[PDB]
Every structure is written in structure tokens, then in C-alpha cells.
4 protein chains.
Amino acid sequence: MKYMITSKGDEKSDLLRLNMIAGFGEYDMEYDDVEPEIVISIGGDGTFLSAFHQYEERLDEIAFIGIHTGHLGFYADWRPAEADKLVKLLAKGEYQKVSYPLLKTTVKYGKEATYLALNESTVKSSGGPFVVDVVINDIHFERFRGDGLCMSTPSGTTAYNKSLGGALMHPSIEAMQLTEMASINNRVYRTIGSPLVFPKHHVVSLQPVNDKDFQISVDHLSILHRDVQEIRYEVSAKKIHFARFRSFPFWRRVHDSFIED
Amino acid sequence: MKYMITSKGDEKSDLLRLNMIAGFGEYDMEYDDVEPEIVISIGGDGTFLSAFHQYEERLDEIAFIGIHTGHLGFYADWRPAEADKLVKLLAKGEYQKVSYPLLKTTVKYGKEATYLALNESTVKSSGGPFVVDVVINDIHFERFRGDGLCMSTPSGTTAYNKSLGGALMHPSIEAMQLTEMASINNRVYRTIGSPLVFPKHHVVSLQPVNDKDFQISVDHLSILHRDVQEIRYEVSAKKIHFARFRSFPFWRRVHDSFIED
Amino acid sequence: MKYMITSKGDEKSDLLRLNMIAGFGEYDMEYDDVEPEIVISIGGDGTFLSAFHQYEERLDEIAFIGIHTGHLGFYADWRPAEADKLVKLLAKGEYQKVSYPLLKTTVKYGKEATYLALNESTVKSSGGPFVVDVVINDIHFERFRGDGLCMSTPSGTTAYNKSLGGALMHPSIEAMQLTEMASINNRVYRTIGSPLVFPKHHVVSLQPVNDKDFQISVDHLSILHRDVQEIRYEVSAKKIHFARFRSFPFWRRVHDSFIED
Amino acid sequence: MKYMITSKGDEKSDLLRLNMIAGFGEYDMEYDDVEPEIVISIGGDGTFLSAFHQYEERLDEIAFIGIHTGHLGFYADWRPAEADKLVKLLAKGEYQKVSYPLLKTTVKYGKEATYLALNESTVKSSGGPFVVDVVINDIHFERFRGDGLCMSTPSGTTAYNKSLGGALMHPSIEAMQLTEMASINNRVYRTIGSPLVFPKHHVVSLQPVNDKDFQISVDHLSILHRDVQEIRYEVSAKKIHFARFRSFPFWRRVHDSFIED
Ligand SMILES: C#CCCCN(CC#Cc1nc2c(N)ncnc2n1[C@@H]1O[C@H](CO)[C@@H](O)[C@H]1O)C[C@H]1O[C@@H](n2cnc3c(N)ncnc32)[C@H](O)[C@@H]1O
Ligand SMILES: C#CCCCN(CC#Cc1nc2c(N)ncnc2n1[C@@H]1O[C@H](CO)[C@@H](O)[C@H]1O)C[C@H]1O[C@@H](n2cnc3c(N)ncnc32)[C@H](O)[C@@H]1O
Ligand SMILES: C#CCCCN(CC#Cc1nc2c(N)ncnc2n1[C@@H]1O[C@H](CO)[C@@H](O)[C@H]1O)C[C@H]1O[C@@H](n2cnc3c(N)ncnc32)[C@H](O)[C@@H]1O
Ligand SMILES: C#CCCCN(CC#Cc1nc2c(N)ncnc2n1[C@@H]1O[C@H](CO)[C@@H](O)[C@H]1O)C[C@H]1O[C@@H](n2cnc3c(N)ncnc32)[C@H](O)[C@@H]1O
């Protein structure tokens with residue numbers, strides 16, 4: 001079927017891509033970066049994140065594969081030595097697909113713009129003070145004053161969420177996790193402090209208090225948004241599909257990345 | 001139907017219990033502490049935890065209610081003023097039931113003994129050094145050296161899990177969360193540090209290295225177990241059922257207990 | 001002697017200032033905002049921080065007083081009701097002075113600019129990735145990748161340092177404390193994680209790796225500095241002097257601000 | 001002069017000790033384990049901690065040396081290969097001494113018993129609930145409910161204090177640091193949470209509320225104390241003296257032990 005390959009750009013990934021294309025030329029596999037059914041990312045987790053957002057509007061018709069030319073990634077969990085074994089099994093097909101939940105972010109103006117995140121979405125202050133009211137399912141939960149907030153997907157919990165003290169969540173759990181960035185807690189201000197894990201259909205809303213200008217990041221893309229009235233977080237109805245060929249469990253991936261390999 | 005009421009023992013809870021029994025005498029509600037279908041706990045979360053373990057073998061035939069005579073609890077979320085409104089709606093029936101996940105703990109010897117936890121189960125050292133190998137689904141994940149480990153239910157995440165840095169999980173999520181107690185991390189020893197959230201059917205196993213004697217707590221019951229070869233944690237197939245009469249969402253319960261009421 | 005008074009600008013602080021000036025007119029106390037020997041700050045800790053930096057070049061010839069018109073501050077620890085008792089004892093003199101350590105920050109270019117901080121100095125990334133080599137007394141200690149670093153004075157440990165997990169230090173200790181902001185820790189990157197407390201004459205140096213542009217804050221003043229080759233932190237030889245009239249210990253100030261008053 | 005050597009007991013340390021004694025026999029150095037002026041510890045930090053408490057009543061007349069036969073320690077910072085270079089310079093003398101602060105613990109009954117700690121002293125509950133009132137310089141600061149409290153020396157901050165989130169303190173600072181163990185924080189109970197660093201002459205007192213029985217550890221020695229009315233912590237007037245032969249700075253020792261060597 002149709003396939004494409006993204007590269008980190010260095011010599012190692014660029015030439016691994018040209019070799020896989022050549023091996024794909026020995027099967028009925030046509031290169032198409034417009035309507036691919038298989039997207040192969042060669043590089044790191046950042047290169048994989050770029051590939052996800054490249055084809056975020058065809059998520060249901062695409063299976064993703066990650067090849068790490070440097071260290072082991074959580075999305076790029078295939079070694080370069082397995083590339084030739086990869087093209088053969090990609091060609092035959094009959095592979096299984098695994099799906100991970102995604103995070104939907106809605107940003108309102110005084111108009112709405114929505115985004116999809118594979119790792120997390122964060123809201124941070126321009127430079128001045130960051131105060132936001134946190135509303136959970138139309139109920140005011142807290143008034144946060146600090147550096148920012150981070151809402152993570154399950155597969156994103158090993159990323160930014162982890163450095164903020166969040167828990168690591170197995171990706172079969174359809175949930176999202178909110179973490180704080182340097183919360184002020186004294187006589188006037190009071191936050192929960194602990195990370196929060198929300199199920200499906202739960203809507204977490206961030207609302208401004210004085211300043212209505214902040215930086216909003218979705219994965220690796222920080223966007224300054226003006227005249228923002230609301231930021232809505234909920235588990236997306238859409239999912240990312242991975243091409244599954246071997247057993248590499250999430251907890252073994254966590255062990256290899258953080259304990260030792 | 002059949003019902004019983006447990007009391008914390010102080011004058012306030014003891015006499016609130018006698019008044020509810022009297023009001024129950026005005027309906028076809030018989031007092032039975034052997035085979036009750038409704039268990040009312042008057043006191044605190046500790047009094048509710050006692051009531052759960054009193055009837056842990058009839059969980060599927062019982063609906064629990066908690067009345068807090070002191071501060072607001074997470075299980076005792078009914079105020080004493082609503083007691084007379086409680087007996088009437090308890091009598092008519094037609095109420096809804098909500099269910100929270102539980103944690104199953106299996107302890108092996110060189111024989112097996114299993115327990116059910118509503119808050120958490122913890123493993124801690126006698127006094128000497130605590131080393132355990134942590135195995136996740138038959139894969140060795142880490143060698144923990146520290147004070148202990150805590151495996152929490154969703155509704156237990158606001159308890160011991162919270163004080164150990166764990167995340168707060170909505171109880172509709174069928175999961176368990178593992179947290180560390182003062183982990184040694186240097187050149188020799190290495191743990192994940194972050195809390196871990198496991199889905200159903202995932203089995204977390206704790207295995208001894210040198211000392212085979214530790215204290216194992218299940219909710220409020222610390223048991224010294226000897227010749228222990230394994231401690232197995234997984235989300236239980238059993239659930240606790242609450243009598244639902246009004247809307248008191250979990251996040252509002254979290255807000256009132258920790259932010260301010 | 002010579003004195004001046006800064007105000008937060010609201011009606012409460014502005015009119016408390018005019019009343020203290022009037023009461024000062026009944027003594028041999030001349031108002032001089034050029035060469036004052038007594039600087040009175042009416043407002044909050046932010047108003048006091050502004051007053052410190054207003055007269056940072058005459059620190060050795062000035063005694064500071066803070067009056068909080070809102071909640072209790074750590075520098076503004078005098079209540080408005082004590083203002084008339086304040087002017088009398090300010091007039092007679094014979095008061096004692098207490099001194100708190102300060103933090104010196106040196107920023108080098110490819111030229112040097114130095115600053116004095118009463119709370120802390122932080123280095124953060126523009127928007128892109130933040131990597132800095134941390135050198136302690138000319139020895140490379142770690143390569144930090146994350147959101148930023150915070151170096152706090154003793155009296156600043158209850159501020160930004162506290163929200164980043166740092167320890168609270170009694171101000172009689174001539175030291176500085178470094179804390180991390182969301183450190184990446186995996187197979188490639190590795191930081192100490194724990195806060196670090198340095199004595200006098202110890203020099204902590206931050207050095208760039210790729211990007212040489214960051215935001216550098218000194219108290220409430222965030223400055224974008226370009227072509228930065230080094231940022232040097234050490235306990236300053238200069239000290240801030242407070243006019244001491246009553247006993248308000250630091251730990252009681254901590255208790256009232258964070259436990260409850 | 002007079003000297004002695006303690007060994008961990010394994011073959012490596014036992015035979016390194018016999019070789020150093022033989023090399024010492026070639027100088028005017030007499031072996032005396034009753035009144036030694038030089039105490040050499042061969043093993044780990046635990047073996048060094050044992051040697052400190054062996055001679056805690058002659059601290060002012062003794063210089064300590066640590067040799068690590070396993071991994072690098074913070075007190076045993078000499079490699080076994082340097083043992084022959086050690087005996088020569090130990091024999092000539094003319095070496096310098098460095099001193100680290102110690103922690104004094106006083107335990108009162110209804111009588112007083114005092115102890116000296118090189119790492120830390122901790123107070124923990126038997127099994128039941130742990131509540132203690134924390135008094136700082138005769139002022140009630142907080143009512144702690146949790147697992148326990150840890151008061152660390154500067155050189156102990158890389159040990160138990162570190163695993164509890166405490167800051168790492170350079171040993172030239174005459175101070176002590178208090179850290180919490182799993183504090184309960186809700187509507188009823190409230191602790192500072194942050195670690196606390198106290199200077200000299202500051203007295204931190206722990207006082208019971210209901211239960212008067214707890215476990216009190218001083219370094220590696222956990223002692224169950226009954227009928228305890230008070231536990232008093234303050235920086236000791238006594239200091240431990242190390243034989244200084246080379247430059248191995250504390251921060252390099254921290255780097256090698258935790259970052260990588
Ligand atoms: C410029 C620029 C940004 C580089 C591009 N960058 C791609 C990625 C990634 C990634 N994804 C995962 C994952 N799912 N699980 C585990 N590790 C993961 N990483 C690793 O993450 C490191 C930094 O990139 C790399 O080793 C990479 O293998 C963006 C991602 O960076 C993460 N992030 C941002 N700030 C912080 C912070 N203070 N602390 C921790 N993580 C942070 C945010 O998550 C943001 O989606
Ligand atoms: C003696 C004795 C034990 C008293 C009986 N105790 C009953 C309970 C409870 C409870 N359950 C919940 C819940 N589900 N959510 C939120 N708060 C909850 N609490 C509150 O918890 C406080 C202490 O009891 C009380 O305010 C109570 O309203 C047992 C429970 O105590 C918890 N626990 C034990 N050690 C710690 C610790 N270091 N830090 C934090 N929590 C701890 C363990 O969880 C253990 O299941
Ligand atoms: C716009 C704008 C900034 C407002 C002006 N702001 C003046 C002050 C102050 C102050 N000084 C102390 C002190 N010494 N001890 C204890 N509380 C103290 N505060 C309290 O601090 C709160 C925020 O201002 C107020 O309640 C105030 O009573 C600057 C100071 O803010 C602190 N800071 C900045 N970001 C964070 C953060 N994420 N988390 C925690 N603190 C932070 C940095 O420290 C920076 O010096
Ligand atoms: C049985 C038994 C106890 C073994 C004997 N043990 C001797 C020592 C030591 C030592 N001293 C220092 C130091 N000064 N700096 C840095 N690392 C240091 N260690 C290292 O410490 C590890 C465990 O021993 C070893 O790798 C050792 O090289 C006692 C010391 O253990 C420390 N401790 C106790 N519980 C915890 C805990 N939950 N987390 C962290 N540390 C803990 C308490 O501190 C108590 O003084």
C-alpha cells in the first residue's frame with residue numbers, strides 16, 4: 001500500500017530511509033506522502049512527534065512506526081538493525097495495530113481552535129504573573145497561581161509530566177493527567193498540589209483572571225494566543241494507531257529508558 | 001430489607017445510630033448485622049473502613065452509606081442533619097448504586113492468603129533494611145531499597161498515596177497506583193521514583209532479596225508476615241457498592257477536603 | 001535623620017504614608033528620598049522588593065522597615081496599627097539593626113554586569129531547549145536540561161525556592177540555595193535533583209551549551225540577556241539592614257504565613 | 001602515635017587491614033584500640049559509622065580516615081590502592097584536619113539521655129499513629145501527623161535526608177536540617193512540608209500528643225524509648241575530625257556518587 005518515511009535529517013537517518021525505500025521497491029509498496037497508510041519515523045521521539053502532527057488529520061487511516069537511530073525512544077522503539085525485517089513484514093501486512101489515547105485541547109476567543117496532542121499540552125505565562133481558575137466539569141476547583149499547568153496523555157507521562165512529578169500511566173488507560181508547575185501555596189493561594197488523573201468525558205477548563213495572554217504548547221509547538229477566554233482539556237475521541245510487529249511492553253520500555261538497558 | 005449500623009463509639013455517633021434505628025422502625029426495615037443489604041457507617045473514614053472489612057465477604061449483596069459526625073470524609077460524605085432524609089429514601093429504595101474498584105493482595109508462603117483493600121496495601125521493613133525486587137507481569141522492573149511501597153486503589157489515592165506524592169485518580173478508573181517510600185538512589189541502587197498506575201489484569205509482584213520478614217498493611221490492619229516468598233498486587237474483580245442518593249462528585253469531594261469548604 | 005516612604009499606590013497605603021509623614025513632622029526627621037537613612041515600605045513584599053532595589057547602592061547606610069497593609073509579609077512584618085508607635089521609636093533612634101545575606105549575580109558577555117538579589121535570581125530558556133553546564137568552584141558538576149534554575153537567598157527560600165521544593169533556611173545562615181525547574185532525567189541526561197546549599201566564597205557558574213540566549217530574573221525584574229557566556233552566583237559581601245524594634249522570629253513568621261495565623 | 005583499624009569483616013577489608021598494620025610496624029606507630037589518635041575505617045559508610053560511634057567519647061583526640069573497598073563512600077573516600085601512600089603520610093604526620101558538624105539528640109523521661117549523630121536522628125511511630133508537636137525555640141510551630149521526622153547533619157544530607165527530599169548542604173555550614181516522612185495534610189492537619197534548616201543554638205523539640213512510645217534512631221541504631229516526654233535537637237558543640245591528606249571536595253564527592261564517576 002501507500003507509505004512514506006520521515007527523517008531527522010542527519011546522515012544516519014537520511015541513508016537508512018533511502019535503504020528502506022529501496023527495499024520497499026522490491027514489493028508492491030508505492031511511496032506516497034499525501035495519502036499514506038503507513039508512516040515510518042526515523043530519528044527520535046521528536047522526529048516521531050513531527051510525523052504525528054504531519055498526518056494528524058488522517059490518524060484513523062494510518063499506522064505509525066518509529067525507528068530510533070540514537071537512543072531508545074518511547075515511540076521510536078525499533079532498532080536500525082531491524083529495518084530489513086521491518087520492510088518485509090510491512091509488505092506482507094497481516095500485522096496488528098495498537099492504539100494510544102490522545103488529548104484534545106480547545107482554545108476559545110472573543111472563536112474556537114482545537115488541537116490534538118500525543119505527549120501533552122501546557123499553558124504558561126508570558127512573563128508576568130500566571131493566575132488561572134481551574135474548572136472541572138463546570139465546578140470551580142481551584143485558583144492556580146504559579147508557572148503553569150501540564151495536561152498529559154498516557155504515553156506522555158514519561159515525558160514532561162514525569163519531570164513535574166506526575167505518575168506514569170499505562171497507555172491502555174483512557175485518561176489524562178494534570179500537573180502543576182511551581183505552585184504558590186500560602187495564606188492567600190491554595191492548590192491541590194498532587195497530580196490529577198481524569199477519565200473520559202471529563203472536561204477540565206482553564207479560565208483567566210486578569211491577564212488573558214499566555215503561551216500554549218501542544219507537544220513541541222508553543223503558540224502565543226491572545227484574547228483567550230478558555231482552554232478546554234478532555235480525552236480525545238481520536239486515537240493514534242501503531243503498527244505492532246513484536247512484543248515490547250510499555251513497562252519494559254519504561255525500564256529500559258529510565259532504570260537501565 | 002435487612003440493615004445494620006456501625007458507630008465510632010462516641011456519644012454523638014452512638015445516639016445518631018439509635019435515632020436512625022428508631023426511624024427505621026417506622027418502616028418495613030429489620031435490623032440484621034448478619035445478612036444486611038444496607039450498611040450505614042456513622043463516624044469517620046476509619047469507621048467506614050472498619051465497616052467495609054466487617055462485611056468484605058458479602059460485598060456484592062451490600063450497599064454502603066457513610067455519615068460523618070466530625071469533618072467531611074471521602075467515604076462518609078453525608079452530614080448528620082440528612083439522617084432523617086436518609087432513612088426515608090433508604091426505606092423506599094429505588095436508589096442507584098455506584099461502584100469503586102478494590103485492590104487484591106496475595107501473600108505467598110513456603111501457602112497463599114489473599115486480602116481486599118479499599119484504601120491501599122503497603123509493605124514495609126521490620127526495622128532492618130528493606131530490599132524487594134519489583135516484577136511487573138513476570139518482568140523484573142527494579143530492585144527497590146528504601147522504607148516501603150504503597151499500592152493504592154482509586155479512592156485511596158486521596159489517603160496514604162497522596163502523602164507519598166501519588167496522583168489523585170477518579171474512582172471510575174479501574175486501576176491501581178504504586179508509590180515509593182524514601183527510595184535510595186545512588187550508584188548502586190536505582191528506582192523509577194515516579195508513581196506508577198496499572199490497569200486491570202496487570203500483576204505487580206514484590207519478591208524478597210535477603211530478609212523475608214516485613215510488615216504488610218491492608219487498610220488499617222498491619223500484619224507481620226513470616227517466610228513470605230511473594231506479594232502480588234492486582235485490581236480486584238470485586239467492587240464496593242455505595243448507595244447513591246444525591247450528586248456529590250469526586251472532584252467536589254476533593255475540593256472540599258483539601259482546597260477549602 | 002533623613003527618611004523616605006514608598007507606597008504600593010492604593011488608597012490604603014498612600015494615606016498611611018501621608019499620616020506617617022505628618023507624624024514625622026513632629027520630630028527632627030526630614031523627608032529625603034535621595035540620601036535617606038531609613039526607608040519605610042508600605043504595601044506587600046513586592047513593594048518592599050521595589051524599595052530594596054531603589055536604594056541598592058546605599059545598602060550600608062540604610063535601615064529598612066516593612067508595613068503590610070494587606071496580608072502578613074516576610075519583609076513587611078509590621079501591622080498598620082503600629083505605625084504611630086513606629087514613628088516615635090524611629091525618631092528617638094537607639095534601635096537595633098538586623099542583617100540578612102544577599103546574592104550576587106554576575107553576567108558575562110563577549111563584558112560583565114552584576115546584580116544584587118534579596119529573594120532569588122533565576123535563569124530560564126527563551127522558549128527553546130534549556131541546557132546549561134553547572135560548574136561549582138571551577139569543577140563541572142552536571143549538565144542541566146530542563147526549564148530553569150533558581151538560586152535563592154536565605155530570606156528568599158520562603159518564596160520561589162519554596163515552590164520548587166527547596167528547603168527553608170534561617171536568615172542568620174550566610175548561604176545560597178540552588179533548585180531545579182523540571183529537570184529531564186533519563187539515559188542521556190542526569191542532574192542531582194536535590195536542592196543544593198552553598199556557603200560563602202563558593203562560586204556557582206552556569207555556562208551555555210548551544211543556545212546563548214535566556215531570560216535572567218533578579219527578584220521581580222526579568223531581563224533577556226544576549227551573547228551570555230557565563231552566569232556566576234555567590235553569596236554577596238553586602239547585606240541588607242532592617243530596623244529591629246520588636247521580636248518577630250523568622251520561624252514564627254514562617255508559622256504565621258504558612259501554617260496558620 | 002596510637003592507632004587502630006576497623007574492618008567490615010569480609011576477606012578484602014580484613015586482609016587490607018593486616019597489610020596496613022604490617023606497614024605501620026615499619027614506623028613508630030603502636031596499635032592501640034583503647035586510646036588511638038588515628039582511627040582508620042576499611043569498608044563502607046556503615047563501617048565508618050560504626051567506627052565513629054565506637055570512639056564517640058574521644059572525638060576531640062581522634063582523626064578519622066575512611067577506606068572504601070567497595071563503591072565510593074562519602075566518609076570512606078580513599079581507594080584501597082592508596083593504602084601504602086596512606087600509612088607513610090599517617091606516620092610522618094604534619095597532615096591537616098577537617099571538621100564536620102554533629103547533631104546532639106536529647107531524650108527526656110519521667111531523666112535525660114543524650115546521643116551524637118554523624119548522619120541523622122529520626123523519630124518514627126511504633127505502628128500506631130504518629131502525632132508530635134514541633135516546638136522551635138519554645139514556640140509551637142506545627143502539629144505533625146505522619147510517618148516520622150528526620151534531623152540531619154550536613155554530611156548526612158546525602159543520606160536519609162536526600163531520599164526524603166531534603167537539600168544537600170556543604171559540611172562547612174554549622175546547621176541541621178529537618179525533613180518530613182509522609183505528612184498528612186488536609187482540613188484538620190497542616191505541616192510546613194518543606195525541609196527546614198536550623199543554625200547553631202536553635203533548639204527543635206518534639207513533644208508527644210497521645211502515644212508516648214516511638215522508635216528513635218541515631219545513625220544505624222534504632223532504639224525503642226518508653227515514657228518519652230521530649231526529644232531535643234540542636235547542632236552539637238562537638239565535631240568529628242578527619243585526617244586530610246589530599247583535596248577531594250564535597251561537591252566532587254557528590255558528583256561522583258550521584259551524577260556519575
Ligand atoms: C526544544 C525543544 C523540545 C524538544 C522536543 N521534544 C520532543 C520529545 C520528546 C519525548 N517524548 C517522550 C515520551 N513520550 N516519553 C518519554 N520521553 C519522551 N521524550 C524525550 O523528551 C526529551 C526532550 O525532548 C528527549 O530526551 C526525548 O527523548 C518535545 C517534548 O519535550 C518535553 N519537554 C519539554 N520541556 C521539558 C522539561 N522541562 N522536562 C521534561 N520534558 C520536557 C515535552 O514532553 C515535549 O513534548
Ligand atoms: C492509627 C492509625 C491509622 C488511622 C486510620 N486510618 C483510617 C483512614 C482514613 C482515610 N481514608 C481516606 C481516603 N480514602 N481519602 C482521603 N482521606 C482519607 N483518610 C484520612 O486519613 C487520615 C488518617 O486516618 C484521616 O484524616 C482520615 O480522614 C487508616 C488510613 O490512614 C492512612 N495513612 C496511614 N499512614 C499515613 C500517612 N503517613 N500519611 C497519610 N495517610 C496515612 C492510610 O490510607 C490508612 O488506610
Ligand atoms: C508578576 C509578578 C511577580 C510578583 C512580585 N513578586 C514579589 C514578591 C514576593 C515574595 N517575597 C517573599 C518572601 N521572601 N518570602 C515569602 N513569600 C514571599 N513573597 C510572596 O510571593 C508571592 C508572589 O509575589 C506573593 O504572595 C508574595 O507575598 C516577585 C517574586 O515572586 C516569586 N515568584 C515568582 N514566580 C513564582 C512561582 N512560580 N512560585 C512562587 N513564587 C514565585 C519570586 O520569589 C519573586 O521574587
Ligand atoms: C540496615 C540498615 C541500614 C544500613 C546502614 N546505613 C549506613 C550508611 C550510610 C550512608 N551514609 C551516607 C552519607 N553520609 N552520605 C551518602 N550516602 C550515605 N550512605 C549510604 O546509605 C546507604 C544505606 O546505608 C548505603 O548505600 C550507604 O553508602 C545506615 C544509614 O542508612 C540511611 N538510610 C536509612 N534508611 C534510608 C532510606 N529509606 N533512604 C535512604 N537512606 C536511608 C541513614 O542515613 C542511616 O544513617
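FYI, side chains are in, hydrogens and waters are out, and symmetry mates aren't considered; it's all heavy atoms of this structure. One-based numbering, in listed order, for ligands and for the atoms of each. Chain letters run A, B, ... following the sequence lines, proteins first and then strands; every chain starts at 1.
Distances from atom 37 (C) of ligand 2 to the heavy atoms of D/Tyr189, B/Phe258, B/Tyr160 put B/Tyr160 nearest. Relative to atom 27 (C) of ligand 4, the option among D/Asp45, D/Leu221, D/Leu72 with the closest non-hydrogen atom is D/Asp45. Closest to atom 15 (N) of ligand 4 by heavy atom, among D/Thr153, B/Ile184, B/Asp147, D/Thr158, is D/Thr158. Nearest-heavy-atom check against atom 1 (C) of ligand 2 across D/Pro129, B/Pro154, B/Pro171, B/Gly156 picks out D/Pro129.
Below 4.0 Å from some heavy atom of C/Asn186 lie the following atoms of ligand 1, by number and element: 26 (O). Against a heavy-atom cut-off of under 4.0 Å, D/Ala182 is close to the following atoms of ligand 2: 37 (C), 38 (N), 39 (N). Atoms of ligand 2 found under 4.0 Å from any heavy atom of B/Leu49 (numbered from 1 in listed order, with element): 7 (C), 8 (C).
Between B/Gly146 and ligand 4, not a single N/O pair is under 3.5 Å apart. In terms of polar-atom proximity, defined here as any N/O pair under 3.5 Å, D/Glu120 does make such a contact with ligand 4. On a distance-only criterion, A/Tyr75 and ligand 1 share at least one N/O pair closer than 3.5 Å. Residue contacts with ligand 4: B/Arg145 is placed with no nitrogen or oxygen under 3.5 Å of a nitrogen or oxygen of the ligand (distance criterion only).
Checked against the 6.0 Å centroid criterion, the rings of B/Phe242 and B/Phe48 qualify as a close aromatic pair.
Note that SG of B/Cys150 is 5.0 Å distant from CE of B/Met181, once rounded to the nearest 0.5 Å. Between B/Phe52 atom CZ and B/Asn119 atom CG the span is 9.5 Å, to the nearest 0.5 Å.
With sequence neighbours left out, B/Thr153 forms a side-chain hydrogen bond (donor to acceptor under 3.5 Å, both in side chains) with B/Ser155. Residues that satisfy the side-chain hydrogen bond (donor to acceptor under 3.5 Å, both in side chains) test with D/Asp147, not counting sequence neighbours, are B/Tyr160.
Counting heavy atoms under 4.0 Å from ligand 2, residue B/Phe74 touches it through the side chain alone. Residue contacts with ligand 2, taken as heavy atom pairs separated by less than 4.0 Å, do not involve B/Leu118 at all. When heavy-atom distances to ligand 2 are checked against a 4.0 Å cut-off, B/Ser163 comes that close only through its side chain, counted from C-beta outward. Contacts with ligand 1 closer than 4.0 Å are made by backbone heavy atoms (N, CA, C, O) of A/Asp219 only, the side chain lying farther away.
Side-chain atoms of D/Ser41 never come within 3.5 Å of backbone atoms of D/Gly66 as a donor-acceptor pair (strictly under, hydrogens ignored). Using modelled atom types, one side-chain atom of D/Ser121 and one backbone atom of D/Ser217 make a donor-acceptor pair closer than 3.5 Å. At distances below 3.5 Å, at least one donor-acceptor pair connects side-chain atoms of B/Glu180 with backbone N or O atoms of B/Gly193. Checked by atom type and distance alone, the side chain of B/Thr179 never pairs as donor or acceptor with a backbone atom of B/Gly166 at under 3.5 Å. Checking side-chain atoms of A/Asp45 against main-chain N and O of A/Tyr75 turns up a donor-acceptor pair under 3.5 Å. Between the side chain of D/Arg253 and the backbone N or O of D/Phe248, at least one donor-acceptor pair lies under 3.5 Å.
Using 4.0 Å as the threshold, D/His71 has a heavy atom nearer than that to some atom of ligand 4. Taking a 4.0 Å cut-off on heavy atoms, D/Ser155 registers as neighbouring ligand 4.
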